[PDB]
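Order-wise, the sequence lines are chains J and a. Sequential numbering from 112 applies to the first sequence in the authors' numbering. Sequential numbering from 22 applies to the second sequence in the authors' numbering. Here a beta-carbon is modelled for each residue, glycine too, at the ideal position from N, C-alpha and C. Worksheet: one structure, shown below.
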Amino acid sequence: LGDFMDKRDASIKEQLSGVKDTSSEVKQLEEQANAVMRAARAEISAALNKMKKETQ
Amino acid sequence: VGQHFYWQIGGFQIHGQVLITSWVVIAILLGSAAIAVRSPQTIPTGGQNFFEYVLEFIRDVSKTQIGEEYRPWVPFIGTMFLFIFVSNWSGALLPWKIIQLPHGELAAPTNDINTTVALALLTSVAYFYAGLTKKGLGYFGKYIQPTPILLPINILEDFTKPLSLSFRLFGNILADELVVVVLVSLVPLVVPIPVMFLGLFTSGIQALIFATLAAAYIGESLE
Numbered sequence: 112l113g114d115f116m117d118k119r120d121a122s123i124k125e126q127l128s129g130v131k132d133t134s135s136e137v138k139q140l141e142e143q144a145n146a147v148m149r150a151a152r153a154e155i156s157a158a159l160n161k162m163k164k165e166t167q
Numbered sequence: 022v023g024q025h026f027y028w029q030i031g032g033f034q035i036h037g038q039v040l041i042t043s044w045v046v047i048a049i050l051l052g053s054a055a056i057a058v059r060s061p062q063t064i065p066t067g068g069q070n071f072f073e074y075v076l077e078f079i080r081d082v083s084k085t086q087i088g089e090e091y092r093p094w095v096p097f098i099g100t101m102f103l104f105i106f107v108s109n110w111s112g113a114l115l116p117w118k119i120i121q122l123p124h125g126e127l128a129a130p131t132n133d134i135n136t137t138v139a140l141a142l143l144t145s146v147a148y149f150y151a152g153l154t155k156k157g158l159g160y161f162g163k164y165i166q167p168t169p170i171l172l173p174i175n176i177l178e179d180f181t182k183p184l185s186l187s188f189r190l191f192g193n194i195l196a197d198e199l200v201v202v203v204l205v206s207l208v209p210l211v212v213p214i215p216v217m218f219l220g221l222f223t224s225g226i227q228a229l230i231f232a233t234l235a236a237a238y239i240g241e242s243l244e
């Protein structure tokens, strides 16, 4: 008579744990979506300047 | 009116009301509990809803009182709740004046000495054991640090509390038996109509107060 309500509350428990790890993953994936173009744009200007020194 | 015993000797003079009433009430209680827990669904269906409502009632009244480890005493206090509940309803309802007994009567388990003093004794054994468990084995709750006088009265109250709860159950169920027997002995039963409601209310709340009073005292055992 106990495990029947244990399951019905454990559903909300696993749900809230899932939403917590979900929000962590959302911020991390948006960080990486910013980061890939940011890394490309920054390093391309880096190589631009460095090769431009030898060009001058 | 005949409450003593009948001579069903078994090594010592044993009470007959005690035996038959407590045996049949335990039997019908386990027959109710066992046949309906065979095939339970995850949804609280017809009887499982009632049984789980009783059990969450016991969960609340055991969670609010005792301490951090009430769950192993939830079986004890819950079977006590169920026993007093069904025995009060059986004393209010189940017919035992049309059936006659040659040597005595047969009304309820708590009408006699044995199955109230047995409850008191089992609770007291549980209190002494739980006090020697949760506290040390040298001196249980008896030991007096602040006051130099409370040393004998500590064991004296630890002796006089279970008998007090016993006398509570006595003064409830014996009074109820007197109500019902004189009220059906008045005249045909056109008189018990309003009194049956008060008896039912008092019996149900008698079960509840016995439950919470067992809870309070295993709480003191924890303390």
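Ignore the nearest five residues each way along the sequence and tell me which others in residue i's own chain have a CB closer than 6 angstroms to its CB.
i                 : result
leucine 76(a)     : none
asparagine 175(a) : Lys163
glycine 67(a)     : none
Please identify the residue among the options whose C-alpha is closest to the C-alpha of residue i.
i                   : options                                    : result
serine 53(a)        : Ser83(a), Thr100(a), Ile41(a), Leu40(a)    : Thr100(a)
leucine 234(a)      : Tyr150(a), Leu186(a), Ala147(a), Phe26(a)  : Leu186(a)
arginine 189(a)     : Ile165(a), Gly157(a), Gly225(a), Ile230(a) : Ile230(a)
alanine 139(a)      : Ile30(a), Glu241(a), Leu40(a)              : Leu40(a)
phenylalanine 78(a) : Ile98(a), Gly68(a), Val46(a), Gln62(a)     : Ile98(a)
residue 8(a)        : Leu103(a), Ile56(a), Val211(a)             : A question about residue 8(a) goes unanswered here, because the residues of chain a that appear run from 22 up to 244.
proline 130(a)      : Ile56(a), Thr42(a), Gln86(a), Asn193(a)    : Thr42(a)
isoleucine 194(a)   : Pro169(a), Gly220(a), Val216(a), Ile56(a)  : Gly220(a)
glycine 125(a)      : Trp28(a), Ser242(a), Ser111(a), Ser224(a)  : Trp28(a)
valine 201(a)       : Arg59(a), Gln69(a), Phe33(a), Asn109(a)    : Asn109(a)
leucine 122(a)      : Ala237(a), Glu244(a), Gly23(a)             : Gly23(a)
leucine 142(a)      : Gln166(a), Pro167(a), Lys182(a), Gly157(a) : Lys182(a)
How far does the alpha helix (DSSP H) with residue i in it extend, from its first residue to its last?
i              : result
residue 102(J) : No answer is possible for residue 102(J): the residues shown for chain J start at 112 and end at 167.
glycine 240(a) : 213-243
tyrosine 74(a) : 69-84
Mark residue i as exposed unless 16 or more other C-beta atoms lie within 10 angstroms of its C-beta, in which case mark it buried.
i                 : result
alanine 151(a)    : buried
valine 82(a)      : buried
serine 242(a)     : buried
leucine 127(a)    : buried
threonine 154(a)  : exposed
residue 252(a)    : Residue coverage of chain a in this structure runs from 22 to 244, which leaves residue 252(a) outside it and unanswerable.
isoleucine 120(a) : exposed
Can you give me the Cβ contacts of residue i inside the same chain, cut-off strictly under 7 angstroms, excluding the 5 residues immediately before and after it?
i                 : result
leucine 204(a)    : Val212, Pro213, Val216
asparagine 132(a) : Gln24, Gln38, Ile194, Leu195, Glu198
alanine 113(a)    : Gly220, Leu221, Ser224
- Quick one: which unbroken beta strand (DSSP E) runs of 3-plus residues sit fully inside the segment 154-200 of chain a? Chain order, please. none
- Message: Quick check for students: name the residue ranges of the alpha helix (DSSP H) that lie wholly in the segment 37-61 of chain a, counting only runs of 4 or more.
- Response: 37-56
- Any alpha helix (DSSP H) of 4 or more consecutive residues that is wholly inside the segment 99-159 of chain a: Counting only runs of 4 or more, we get 135-155.
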